[PDB]
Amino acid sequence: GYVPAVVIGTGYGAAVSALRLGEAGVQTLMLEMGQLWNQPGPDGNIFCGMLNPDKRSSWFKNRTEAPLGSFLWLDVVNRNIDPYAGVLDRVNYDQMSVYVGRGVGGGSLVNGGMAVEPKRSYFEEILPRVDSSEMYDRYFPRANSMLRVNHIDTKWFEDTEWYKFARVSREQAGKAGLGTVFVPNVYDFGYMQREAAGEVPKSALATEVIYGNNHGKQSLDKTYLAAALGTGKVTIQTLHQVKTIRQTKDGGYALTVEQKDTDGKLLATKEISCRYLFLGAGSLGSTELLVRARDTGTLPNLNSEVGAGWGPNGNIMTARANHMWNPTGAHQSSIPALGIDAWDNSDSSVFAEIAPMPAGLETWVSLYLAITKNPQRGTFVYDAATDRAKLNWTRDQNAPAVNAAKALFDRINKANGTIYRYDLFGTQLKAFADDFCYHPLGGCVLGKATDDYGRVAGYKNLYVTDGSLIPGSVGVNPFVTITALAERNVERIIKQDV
(Lines of atoms letter the chains of each structure in order from A and count residues from 1; the text may use other names and numbers.)
(Lines give C-alpha, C1' and ligand atoms only; values in the text may rest on other atoms or scores of the structure.)
Protein backbone atom coordinates (compact mmCIF):
# COMPACT_ATOMS: atom_id res chain seq x y z
CA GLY A 1 0.00 0.00 0.00
CA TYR A 2 0.76 3.74 0.29
CA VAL A 3 2.69 5.13 3.27
CA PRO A 4 3.91 8.76 3.46
CA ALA A 5 7.58 7.85 3.86
CA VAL A 6 9.39 4.64 3.07
CA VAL A 7 12.91 3.90 4.29
CA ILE A 8 14.71 1.04 2.53
CA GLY A 9 16.96 -0.83 4.97
CA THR A 10 17.52 -0.52 8.69
CA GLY A 11 21.24 0.30 9.07
CA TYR A 12 22.74 3.57 10.30
CA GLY A 13 21.49 5.96 7.63
CA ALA A 14 18.04 4.39 7.64
CA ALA A 15 17.69 4.29 11.42
CA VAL A 16 18.63 7.95 11.91
CA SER A 17 16.27 8.96 9.11
CA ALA A 18 13.31 6.99 10.46
CA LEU A 19 13.71 8.29 14.00
CA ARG A 20 13.72 11.93 12.90
CA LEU A 21 10.84 11.35 10.44
CA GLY A 22 8.78 9.76 13.19
CA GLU A 23 9.53 12.57 15.61
CA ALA A 24 8.35 15.01 12.86
CA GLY A 25 5.02 13.13 12.68
CA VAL A 26 5.67 11.48 9.33
CA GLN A 27 4.23 7.95 9.16
CA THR A 28 7.15 5.84 8.01
CA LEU A 29 7.54 2.23 6.87
CA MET A 30 10.99 0.64 6.94
CA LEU A 31 11.54 -2.33 4.60
CA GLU A 32 14.31 -4.70 5.68
CA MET A 33 15.32 -7.74 3.62
CA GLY A 34 16.76 -9.60 6.62
CA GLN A 35 15.25 -10.77 9.88
CA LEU A 36 14.33 -9.13 13.16
CA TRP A 37 16.88 -10.96 15.36
CA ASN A 38 14.91 -11.82 18.45
CA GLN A 39 14.12 -15.58 18.40
CA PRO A 40 16.07 -17.91 20.52
CA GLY A 41 17.55 -20.55 18.28
CA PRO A 42 18.43 -24.23 18.87
CA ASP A 43 21.23 -23.39 21.40
CA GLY A 44 18.83 -21.05 23.18
CA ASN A 45 20.67 -17.96 21.87
CA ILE A 46 19.65 -15.55 19.13
CA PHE A 47 23.07 -15.52 17.45
CA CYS A 48 25.72 -18.20 16.87
CA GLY A 49 29.23 -17.63 18.17
CA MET A 50 32.39 -17.82 16.17
CA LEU A 51 33.31 -21.29 17.55
CA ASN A 52 29.83 -22.75 16.86
CA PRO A 53 28.74 -21.27 13.51
CA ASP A 54 25.53 -22.57 11.99
CA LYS A 55 23.06 -21.36 9.38
CA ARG A 56 22.42 -18.18 11.45
CA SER A 57 25.98 -17.10 10.58
CA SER A 58 25.44 -16.71 6.89
CA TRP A 59 23.14 -15.06 4.34
CA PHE A 60 22.24 -17.85 1.90
CA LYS A 61 25.44 -19.86 1.86
CA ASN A 62 25.80 -23.64 1.97
CA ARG A 63 28.85 -23.80 4.26
CA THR A 64 30.02 -21.66 7.17
CA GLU A 65 33.26 -19.71 6.86
CA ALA A 66 36.01 -18.82 9.32
CA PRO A 67 36.44 -15.16 10.33
CA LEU A 68 39.15 -13.59 8.15
CA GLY A 69 42.54 -14.20 9.73
CA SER A 70 41.41 -17.34 11.59
CA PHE A 71 40.97 -20.09 9.01
CA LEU A 72 43.97 -22.00 10.34
CA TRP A 73 42.22 -22.46 13.73
CA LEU A 74 38.50 -22.13 12.98
CA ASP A 75 38.08 -24.16 9.78
CA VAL A 76 37.79 -27.21 12.11
CA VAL A 77 34.41 -25.89 13.27
CA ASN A 78 33.02 -25.13 9.78
CA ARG A 79 30.04 -27.16 8.63
CA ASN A 80 27.62 -27.52 5.77
CA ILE A 81 24.45 -25.52 6.35
CA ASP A 82 21.12 -24.92 4.69
CA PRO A 83 20.88 -21.62 2.84
CA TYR A 84 19.11 -19.38 5.31
CA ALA A 85 18.44 -15.70 6.05
CA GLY A 86 21.47 -15.48 8.37
CA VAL A 87 23.11 -12.37 9.66
CA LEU A 88 26.41 -11.89 7.77
CA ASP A 89 26.56 -11.66 3.96
CA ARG A 90 29.84 -12.06 2.12
CA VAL A 91 29.01 -10.44 -1.23
CA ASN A 92 31.38 -11.67 -3.89
CA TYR A 93 32.35 -9.46 -6.81
CA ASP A 94 34.96 -10.33 -9.37
CA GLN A 95 38.01 -9.17 -7.33
CA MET A 96 36.51 -7.99 -4.07
CA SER A 97 34.40 -9.57 -1.31
CA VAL A 98 32.31 -7.08 0.67
CA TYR A 99 30.90 -8.17 4.03
CA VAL A 100 27.59 -6.65 5.15
CA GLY A 101 24.96 -7.25 7.84
CA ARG A 102 21.49 -8.50 6.98
CA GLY A 103 18.75 -7.85 9.52
CA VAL A 104 16.99 -5.18 11.55
CA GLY A 105 19.97 -2.98 12.37
CA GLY A 106 22.12 -3.79 9.35
CA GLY A 107 25.83 -3.83 9.94
CA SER A 108 25.32 -2.76 13.54
CA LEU A 109 24.42 -6.40 14.23
CA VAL A 110 27.77 -7.80 13.02
CA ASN A 111 30.28 -4.99 13.46
CA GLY A 112 32.94 -4.50 16.13
CA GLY A 113 31.11 -1.60 17.71
CA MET A 114 34.00 0.80 17.25
CA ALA A 115 32.67 4.34 17.29
CA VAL A 116 35.29 6.78 16.00
CA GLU A 117 35.02 10.33 14.74
CA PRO A 118 37.06 11.18 11.67
CA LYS A 119 39.87 13.73 11.91
CA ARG A 120 38.35 17.13 11.15
CA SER A 121 41.08 18.09 8.70
CA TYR A 122 40.44 14.86 6.81
CA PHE A 123 36.65 15.41 6.83
CA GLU A 124 37.29 18.86 5.33
CA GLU A 125 39.51 17.28 2.65
CA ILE A 126 37.02 14.58 1.59
CA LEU A 127 33.81 16.71 1.78
CA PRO A 128 34.80 20.34 1.10
CA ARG A 129 31.24 21.35 0.19
CA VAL A 130 29.94 20.45 3.69
CA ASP A 131 30.07 22.93 6.58
CA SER A 132 32.45 21.20 8.98
CA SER A 133 31.56 23.45 11.93
CA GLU A 134 27.97 22.22 12.07
CA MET A 135 29.27 18.67 11.83
CA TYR A 136 31.65 18.99 14.78
CA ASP A 137 29.55 21.38 16.84
CA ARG A 138 26.16 19.67 16.45
CA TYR A 139 25.94 16.43 14.48
CA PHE A 140 28.94 14.41 15.75
CA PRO A 141 27.88 15.10 19.37
CA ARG A 142 24.30 14.11 18.57
CA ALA A 143 25.43 10.82 17.01
CA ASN A 144 27.77 10.09 19.95
CA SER A 145 24.94 10.39 22.43
CA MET A 146 22.26 8.52 20.47
CA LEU A 147 24.60 5.62 19.58
CA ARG A 148 25.40 5.08 23.28
CA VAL A 149 29.15 5.38 22.77
CA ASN A 150 31.19 4.54 25.88
CA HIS A 151 34.79 4.16 26.91
CA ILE A 152 36.77 1.29 28.41
CA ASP A 153 38.09 1.69 31.93
CA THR A 154 41.86 2.08 31.66
CA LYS A 155 42.77 0.15 34.82
CA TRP A 156 40.55 -2.79 33.89
CA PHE A 157 42.02 -2.79 30.41
CA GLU A 158 45.54 -2.80 31.78
CA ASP A 159 44.91 -5.66 34.20
CA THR A 160 42.62 -8.08 32.33
CA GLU A 161 43.77 -11.18 30.52
CA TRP A 162 41.12 -10.45 27.87
CA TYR A 163 43.19 -7.52 26.46
CA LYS A 164 46.71 -8.96 26.68
CA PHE A 165 46.67 -9.18 22.88
CA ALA A 166 46.18 -5.41 22.69
CA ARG A 167 48.94 -4.65 25.22
CA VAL A 168 51.42 -6.81 23.31
CA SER A 169 50.89 -4.86 20.09
CA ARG A 170 51.04 -1.58 22.01
CA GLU A 171 54.49 -2.48 23.33
CA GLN A 172 55.73 -3.66 19.94
CA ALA A 173 54.44 -0.53 18.21
CA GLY A 174 56.04 1.65 20.83
CA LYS A 175 59.51 0.24 20.01
CA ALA A 176 58.97 1.65 16.54
CA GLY A 177 57.97 5.10 17.74
CA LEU A 178 54.25 4.48 16.89
CA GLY A 179 51.39 5.42 19.21
CA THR A 180 48.11 3.76 20.04
CA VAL A 181 44.78 5.17 21.07
CA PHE A 182 41.75 3.79 22.88
CA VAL A 183 38.72 3.09 20.63
CA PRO A 184 35.31 4.13 21.91
CA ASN A 185 32.57 1.54 21.40
CA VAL A 186 28.84 0.87 21.56
CA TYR A 187 29.50 -2.39 23.43
CA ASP A 188 28.86 -1.67 27.12
CA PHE A 189 32.29 -1.88 28.74
CA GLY A 190 30.74 -2.05 32.24
CA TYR A 191 28.88 -5.16 31.10
CA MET A 192 32.17 -6.52 29.72
CA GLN A 193 33.85 -6.13 33.13
CA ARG A 194 31.02 -8.07 34.68
CA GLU A 195 31.40 -10.81 32.03
CA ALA A 196 35.06 -11.24 33.06
CA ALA A 197 33.99 -11.46 36.72
CA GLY A 198 31.51 -14.23 35.93
CA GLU A 199 28.56 -12.04 36.91
CA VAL A 200 26.58 -11.85 33.66
CA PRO A 201 26.31 -14.00 30.51
CA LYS A 202 29.34 -13.67 28.25
CA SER A 203 29.24 -12.43 24.70
CA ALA A 204 32.38 -10.44 23.82
CA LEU A 205 34.23 -12.78 26.23
CA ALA A 206 32.65 -15.88 24.63
CA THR A 207 33.92 -15.45 21.06
CA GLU A 208 30.90 -13.56 19.69
CA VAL A 209 30.88 -10.52 17.42
CA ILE A 210 30.74 -11.09 13.65
CA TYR A 211 27.59 -13.23 13.72
CA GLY A 212 26.02 -10.98 16.35
CA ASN A 213 26.39 -10.47 20.08
CA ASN A 214 23.84 -12.09 22.36
CA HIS A 215 24.64 -9.52 25.06
CA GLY A 216 26.44 -6.22 25.58
CA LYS A 217 26.50 -4.65 22.11
CA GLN A 218 24.16 -1.68 21.61
CA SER A 219 23.25 -2.35 18.03
CA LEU A 220 20.76 -0.04 16.28
CA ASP A 221 17.74 -2.19 17.21
CA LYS A 222 18.40 -1.09 20.83
CA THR A 223 19.25 2.56 20.07
CA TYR A 224 17.94 4.51 17.07
CA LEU A 225 15.42 1.89 15.88
CA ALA A 226 13.92 1.35 19.35
CA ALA A 227 13.50 5.13 19.60
CA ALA A 228 11.99 5.28 16.09
CA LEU A 229 9.44 2.61 17.02
CA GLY A 230 8.76 4.55 20.25
CA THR A 231 7.52 7.56 18.26
CA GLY A 232 4.38 5.67 17.30
CA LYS A 233 4.95 6.72 13.64
CA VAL A 234 7.35 4.00 12.44
CA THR A 235 6.87 0.35 11.55
CA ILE A 236 9.36 -2.20 10.23
CA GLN A 237 8.52 -5.05 7.82
CA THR A 238 11.19 -7.74 7.67
CA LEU A 239 12.12 -10.28 5.00
CA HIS A 240 10.98 -7.56 2.51
CA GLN A 241 13.51 -6.76 -0.22
CA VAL A 242 12.93 -3.77 -2.51
CA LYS A 243 13.65 -4.76 -6.09
CA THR A 244 12.59 -1.78 -8.23
CA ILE A 245 11.88 1.92 -7.78
CA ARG A 246 9.85 4.12 -10.16
CA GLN A 247 8.33 7.57 -10.14
CA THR A 248 4.62 7.12 -10.38
CA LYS A 249 2.62 9.04 -12.96
CA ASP A 250 0.86 11.05 -10.19
CA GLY A 251 3.99 11.82 -8.22
CA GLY A 252 5.88 10.07 -5.41
CA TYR A 253 7.47 6.65 -5.80
CA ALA A 254 6.30 3.06 -6.24
CA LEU A 255 8.34 0.07 -5.17
CA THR A 256 8.19 -3.61 -6.08
CA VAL A 257 8.94 -5.51 -2.90
CA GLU A 258 9.48 -9.25 -2.48
CA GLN A 259 8.45 -10.91 0.78
CA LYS A 260 10.35 -14.16 1.49
CA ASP A 261 10.51 -16.69 4.27
CA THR A 262 13.81 -17.48 6.07
CA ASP A 263 14.50 -20.30 3.57
CA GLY A 264 14.35 -17.72 0.76
CA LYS A 265 11.01 -18.89 -0.65
CA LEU A 266 9.06 -16.13 -2.35
CA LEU A 267 5.78 -15.56 -0.43
CA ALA A 268 4.45 -12.42 -2.16
CA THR A 269 5.40 -9.58 -4.47
CA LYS A 270 3.94 -6.31 -3.28
CA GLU A 271 3.60 -2.80 -4.63
CA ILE A 272 4.26 -0.16 -1.99
CA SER A 273 4.07 3.59 -2.76
CA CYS A 274 5.07 6.72 -0.92
CA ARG A 275 5.53 10.50 -1.01
CA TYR A 276 9.08 10.52 0.36
CA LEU A 277 11.58 7.73 -0.37
CA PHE A 278 14.77 7.30 1.67
CA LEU A 279 17.42 4.77 0.65
CA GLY A 280 19.40 3.21 3.52
CA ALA A 281 20.27 -0.09 1.83
CA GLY A 282 24.00 0.53 2.27
CA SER A 283 26.83 1.37 -0.12
CA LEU A 284 26.04 -1.83 -2.02
CA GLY A 285 22.26 -1.93 -1.76
CA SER A 286 21.37 1.71 -2.37
CA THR A 287 23.79 1.95 -5.27
CA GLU A 288 22.43 -1.22 -6.85
CA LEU A 289 18.83 0.03 -6.63
CA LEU A 290 19.74 3.30 -8.34
CA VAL A 291 21.99 1.87 -11.06
CA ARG A 292 19.19 -0.64 -11.81
CA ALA A 293 16.55 2.11 -11.91
CA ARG A 294 18.64 4.27 -14.25
CA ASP A 295 19.65 1.51 -16.62
CA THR A 296 16.24 -0.22 -16.80
CA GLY A 297 14.50 3.11 -17.39
CA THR A 298 12.43 3.39 -14.20
CA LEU A 299 14.40 6.46 -12.96
CA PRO A 300 15.75 7.67 -16.28
CA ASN A 301 16.88 11.09 -15.08
CA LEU A 302 19.51 9.76 -12.67
CA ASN A 303 22.95 11.11 -13.49
CA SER A 304 26.18 9.41 -14.56
CA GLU A 305 27.67 9.74 -11.04
CA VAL A 306 25.23 7.07 -9.79
CA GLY A 307 27.45 4.01 -9.39
CA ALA A 308 30.75 5.88 -9.22
CA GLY A 309 33.29 6.68 -6.57
CA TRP A 310 33.35 3.43 -4.53
CA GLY A 311 36.23 2.53 -2.28
CA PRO A 312 36.83 0.02 0.51
CA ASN A 313 37.96 2.59 3.11
CA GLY A 314 41.49 1.45 2.31
CA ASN A 315 40.83 -1.81 4.22
CA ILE A 316 43.80 -4.22 4.42
CA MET A 317 44.30 -7.07 6.93
CA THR A 318 47.74 -8.27 8.01
CA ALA A 319 49.36 -10.17 10.87
CA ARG A 320 52.68 -10.42 12.69
CA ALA A 321 54.23 -13.46 14.37
CA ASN A 322 55.25 -12.57 17.91
CA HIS A 323 58.34 -13.76 19.68
CA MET A 324 57.66 -16.78 21.90
CA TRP A 325 58.03 -14.52 24.96
CA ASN A 326 55.14 -12.31 23.73
CA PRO A 327 52.11 -14.58 23.71
CA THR A 328 48.85 -12.79 22.92
CA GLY A 329 46.68 -15.03 25.11
CA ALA A 330 44.11 -17.76 24.64
CA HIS A 331 41.33 -15.46 25.88
CA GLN A 332 40.89 -12.38 23.73
CA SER A 333 37.86 -10.12 23.95
CA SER A 334 36.05 -10.09 20.62
CA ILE A 335 35.65 -6.27 20.82
CA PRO A 336 38.82 -4.33 19.88
CA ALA A 337 39.82 -1.58 22.31
CA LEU A 338 43.11 -0.21 20.94
CA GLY A 339 44.34 1.04 17.58
CA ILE A 340 47.56 2.41 16.10
CA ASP A 341 47.10 5.97 14.95
CA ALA A 342 49.55 6.76 12.18
CA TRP A 343 47.11 8.87 10.15
CA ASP A 344 48.35 12.35 9.20
CA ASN A 345 46.30 12.75 5.98
CA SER A 346 49.36 12.01 3.83
CA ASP A 347 49.50 9.10 1.41
CA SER A 348 51.39 7.06 4.06
CA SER A 349 48.52 7.33 6.53
CA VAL A 350 47.40 4.25 8.43
CA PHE A 351 44.79 3.93 11.23
CA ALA A 352 45.01 0.19 12.22
CA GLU A 353 42.76 -1.79 14.55
CA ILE A 354 44.57 -4.19 16.89
CA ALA A 355 42.19 -7.07 16.16
CA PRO A 356 41.45 -9.98 18.52
CA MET A 357 41.50 -13.44 17.44
CA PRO A 358 39.02 -16.09 18.39
CA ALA A 359 41.06 -19.33 18.41
CA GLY A 360 40.90 -19.69 22.09
CA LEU A 361 44.38 -21.15 22.34
CA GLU A 362 47.79 -19.53 22.09
CA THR A 363 48.90 -18.74 18.54
CA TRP A 364 51.35 -15.86 19.06
CA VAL A 365 49.64 -13.99 16.21
CA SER A 366 48.88 -10.28 16.26
CA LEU A 367 46.18 -9.33 13.73
CA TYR A 368 45.51 -5.87 12.33
CA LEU A 369 42.81 -4.28 10.13
CA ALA A 370 44.46 -1.21 8.54
CA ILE A 371 42.55 1.77 7.18
CA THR A 372 44.62 3.56 4.52
CA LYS A 373 44.45 6.48 2.07
CA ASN A 374 44.28 5.01 -1.46
CA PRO A 375 42.82 7.23 -4.23
CA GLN A 376 41.67 4.31 -6.40
CA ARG A 377 37.93 4.02 -6.89
CA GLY A 378 35.61 1.47 -8.45
CA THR A 379 32.28 1.75 -10.25
CA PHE A 380 29.14 -0.30 -9.99
CA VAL A 381 28.08 -1.18 -13.59
CA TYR A 382 24.59 -2.60 -14.23
CA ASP A 383 24.38 -6.02 -15.80
CA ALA A 384 20.92 -6.22 -17.35
CA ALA A 385 21.43 -9.92 -18.14
CA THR A 386 21.60 -11.02 -14.48
CA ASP A 387 19.87 -7.87 -13.07
CA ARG A 388 22.78 -7.15 -10.78
CA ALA A 389 25.06 -3.97 -10.40
CA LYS A 390 28.62 -5.49 -10.62
CA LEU A 391 31.55 -3.72 -8.91
CA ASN A 392 34.35 -3.31 -11.41
CA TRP A 393 37.23 -3.05 -8.87
CA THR A 394 40.43 -5.00 -9.67
CA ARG A 395 42.84 -6.25 -6.96
CA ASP A 396 45.71 -4.17 -8.33
CA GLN A 397 43.68 -1.11 -7.34
CA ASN A 398 44.50 -1.99 -3.72
CA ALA A 399 48.28 -1.76 -4.33
CA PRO A 400 48.54 1.72 -2.73
CA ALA A 401 46.65 0.45 0.34
CA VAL A 402 48.90 -2.61 0.65
CA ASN A 403 51.96 -0.40 0.19
CA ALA A 404 50.92 1.94 3.00
CA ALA A 405 50.01 -0.85 5.39
CA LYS A 406 53.25 -2.65 4.62
CA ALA A 407 55.41 0.42 5.17
CA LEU A 408 53.87 0.89 8.64
CA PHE A 409 54.07 -2.74 9.76
CA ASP A 410 57.60 -3.04 8.28
CA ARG A 411 58.65 -0.36 10.76
CA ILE A 412 57.21 -2.46 13.58
CA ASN A 413 58.83 -5.67 12.33
CA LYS A 414 62.23 -3.89 11.97
CA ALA A 415 62.12 -2.45 15.47
CA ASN A 416 61.22 -5.82 17.01
CA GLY A 417 62.98 -8.38 14.83
CA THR A 418 59.67 -10.05 13.88
CA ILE A 419 58.23 -11.27 10.61
CA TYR A 420 54.76 -11.34 9.08
CA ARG A 421 52.55 -14.37 8.97
CA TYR A 422 52.05 -15.47 5.36
CA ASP A 423 49.60 -18.35 5.81
CA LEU A 424 46.46 -16.81 7.34
CA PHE A 425 44.57 -15.96 4.16
CA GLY A 426 45.07 -19.09 1.97
CA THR A 427 47.76 -21.41 0.93
CA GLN A 428 49.60 -18.98 -1.33
CA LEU A 429 52.14 -16.86 0.64
CA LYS A 430 50.18 -13.71 1.25
CA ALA A 431 50.81 -11.39 4.21
CA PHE A 432 48.22 -8.74 3.22
CA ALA A 433 44.57 -9.50 2.57
CA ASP A 434 43.68 -7.08 -0.21
CA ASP A 435 40.35 -8.33 -1.62
CA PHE A 436 37.93 -7.91 1.26
CA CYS A 437 36.02 -4.95 2.61
CA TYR A 438 34.11 -4.41 5.89
CA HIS A 439 33.68 -0.66 5.25
CA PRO A 440 32.21 -0.14 1.74
CA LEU A 441 31.98 3.59 0.98
CA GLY A 442 30.55 5.33 -2.04
CA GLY A 443 28.53 4.58 -5.16
CA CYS A 444 26.09 7.50 -4.64
CA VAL A 445 28.51 10.18 -3.52
CA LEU A 446 27.30 13.26 -1.64
CA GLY A 447 27.36 16.31 -3.90
CA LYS A 448 27.98 14.25 -7.08
CA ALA A 449 25.10 11.73 -7.42
CA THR A 450 23.13 13.83 -4.91
CA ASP A 451 23.07 17.37 -3.58
CA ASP A 452 25.03 18.12 -0.39
CA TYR A 453 22.21 16.62 1.78
CA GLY A 454 21.69 13.36 -0.16
CA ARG A 455 18.81 14.52 -2.38
CA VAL A 456 19.23 12.41 -5.50
CA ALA A 457 19.99 14.55 -8.56
CA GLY A 458 17.16 14.60 -11.10
CA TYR A 459 14.37 13.85 -8.58
CA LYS A 460 12.33 15.44 -5.82
CA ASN A 461 11.62 13.71 -2.49
CA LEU A 462 14.17 10.96 -3.25
CA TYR A 463 16.98 10.68 -0.73
CA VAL A 464 20.08 8.55 -0.07
CA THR A 465 21.16 8.35 3.54
CA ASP A 466 23.94 5.84 4.04
CA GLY A 467 27.49 4.73 3.33
CA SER A 468 26.89 5.14 -0.42
CA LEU A 469 27.21 8.93 0.17
CA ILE A 470 30.78 8.83 1.45
CA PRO A 471 33.63 9.37 -1.06
CA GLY A 472 35.42 6.04 -0.59
CA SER A 473 37.37 6.88 2.56
CA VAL A 474 36.96 8.38 6.03
CA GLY A 475 40.27 7.35 7.67
CA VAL A 476 38.55 5.65 10.61
CA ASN A 477 35.86 3.03 11.18
CA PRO A 478 32.90 4.62 9.39
CA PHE A 479 29.61 4.22 11.25
CA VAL A 480 29.92 7.37 13.40
CA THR A 481 30.45 9.45 10.23
CA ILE A 482 27.50 7.79 8.48
CA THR A 483 25.34 8.44 11.54
CA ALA A 484 26.35 12.11 11.97
CA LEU A 485 25.97 12.86 8.25
CA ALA A 486 22.52 11.24 8.35
CA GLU A 487 21.58 13.42 11.30
CA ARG A 488 22.63 16.51 9.32
CA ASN A 489 20.88 15.43 6.17
CA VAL A 490 17.50 14.39 7.60
CA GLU A 491 17.26 17.54 9.75
CA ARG A 492 17.75 19.73 6.64
CA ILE A 493 15.50 17.62 4.38
CA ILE A 494 12.67 17.68 6.90
CA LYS A 495 12.98 21.44 7.36
CA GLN A 496 13.11 22.34 3.66
CA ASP A 497 11.25 19.56 1.91
CA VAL A 498 8.73 17.92 4.27
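Note that residue numbering follows the sequence shown and begins at 1. What we label the rigid core is the largest C-alpha set whose atoms superpose within 1.5 Å from one form to the other.
Enquirer: Hey, after superposing on the core, which one moves around more in 6 other deposited structures of this protein, 243-251 or 300-308, CA-wise?
Expert: Farther from the shown form on average in 6 other deposited structures of this protein: 243-251.
Enquirer: Can you tell me whether 425-433 has a higher mean C-alpha B factor than 459-467 in this record, or the other way round?
Expert: Between 459-467 and 425-433, it is 425-433 that shows the higher mean C-alpha B-factor.
Enquirer: Compare the mean C-alpha B-factor of 138-146 with that of 340-348 as given in the PDB entry, and name the stretch with the higher value.
Expert: Taking the mean C-alpha B-factor of 138-146 and of 340-348, the larger value falls to 340-348.
Enquirer: Name the residue from 360, 184, 311, 107 with the greatest C-alpha temperature factor listed in the entry.
Expert: Checking the PDB record, the top C-alpha B-factor among 360, 184, 311, 107 is at 360.
Enquirer: Could you check 202, 120, 240, 217 and tell me which one carries the biggest Cα B-factor in the deposited entry?
Expert: Answer, based on the entry's C-alpha B-factors: 120.
Enquirer: Residue 25's Cα B-factor: lowest, middle or highest third of the chain?
Expert: Ranked within chain, residue 25 CA B lands in the highest tercile.
Enquirer: Quick one: classify residue 283 as lowest, middle or highest third of the chain based on its Cα B-factor.
Expert: For residue 283, whose C-alpha B-factor we compare with every modelled residue in the chain, the answer is the lowest third.
Enquirer: By the record's CA B-factor, is residue 177 among the lowest, middle or highest third of residues in the chain?
Expert: Ranked within chain, residue 177 CA B lands in the highest tercile.
Enquirer: Lowest, middle or highest third: where is residue 111 by Cα B-factor in its chain?
Expert: According to the entry, residue 111 has a C-alpha B-factor in the chain's lowest third.
Enquirer: Could you tell me which third, lowest, middle or highest, the C-alpha B-factor of residue 32 occupies within its chain?
Expert: It belongs to the lowest third of the chain when residues are ordered by C-alpha B-factor.
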